[PDB]
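To begin, one chain is listed below as C-alpha cells, in the form deposited without ligand LPA.
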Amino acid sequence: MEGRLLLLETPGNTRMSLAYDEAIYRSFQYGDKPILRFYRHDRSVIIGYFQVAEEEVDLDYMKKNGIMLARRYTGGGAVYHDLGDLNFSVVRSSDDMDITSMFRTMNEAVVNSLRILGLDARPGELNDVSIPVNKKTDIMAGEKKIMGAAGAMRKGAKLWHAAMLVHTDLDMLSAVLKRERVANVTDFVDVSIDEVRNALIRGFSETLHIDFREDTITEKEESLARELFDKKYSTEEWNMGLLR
C-alpha cells in the first residue's frame, strides 16, 4: 500500500503548521492514501484544545522570550517546541473509534524506529492523563520522557501526532510550562534530526506496512489550511479563548 510522505513545515509560523494538520485530517476521505507528515516549529508553546492558556503557561515570560502561543485541535496538555523537536503526524482511514489501539499502534512504530537508532524506549504505562511523564501517549527512554503525542478520531479517519525531543532546550521547556524527567534523543545516541526522521520513515513503513513516497499537499488541503489559519488559527479568540 502506498502512502504520502509530506515534508511540509512552516517553523516560522506554528499557527499555520497546526492549520496544516487540521486541514489534512479534515479533508481526508476514507480510502485515501495514509499520510505521514514531518515538521518542526520554532520556539512555541502549543496548548491542547480544552486548555486555559494562563493556567498552563507563563504568558508574560513567553512574550519576553519571543515564544509563540498556539492552540491545536487535539486534546492533551501543553508542550514547548523549538527547532530541536521533530514533529510528525499520521492521518489514516479508520474503521472504529478505538483510540487506545491507535496510540498503541503508533507507539509500536515509534519504538521500532528508535531501535533502528540504537535507542531503547517504550510507551508509558499509566492511565493518568494529567501527569507529566509515563502516560500511554508518551514514549519513555527508561525513566525519561523523549516524546509526547495526541490524537483525534472521527467517522472514516484518525489523526495521531507526536513531538520527539531530539535536541530541544529542556530548560526553556520547563520554564515555559507553569525538567528532571524529560530527555533528548541525543542524550542517548549521537544522531541528527534527519537521521531520526529517516529512522521513523523506515519504522512506520515497516510497522504499518505502507510504502510512504514523497508527496506534497493538494490545492484542496492547502486552501482549507489557509482558510483555517485565516479564520481560526491566526486569531486571539482561538488561541487565547477570548470571546468578544
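Throughout, we count residues from 1 along the sequence that is shown.
The form deposited with ligand LPA bound is left out here; the points below concern that form.
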Select from the listed residues 152, 109, 162, 140 the one whose heavy atoms reach within 4.5 Å of ligand LPA in the deposited bound form. 162
Three residues, 43, 62 and 68; all within 4.5 Å of ligand LPA in the deposited bound form via heavy atoms? no
With the partner left out here, check for me: in the deposited bound form, does some heavy atom of residue 225 sit within 4.5 Å of ligand LPA? no
Taking heavy atoms and a 4.5 Å cut-off, does residue 212 contact ligand LPA in the deposited bound form? no
is_contact(residue 18, ligand LPA) in the deposited bound form, heavy atom dist at most 4.5 Å: yes
So, in the deposited bound form, is residue 39 in contact with ligand LPA at a 4.5 angstroms heavy atom limit? yes
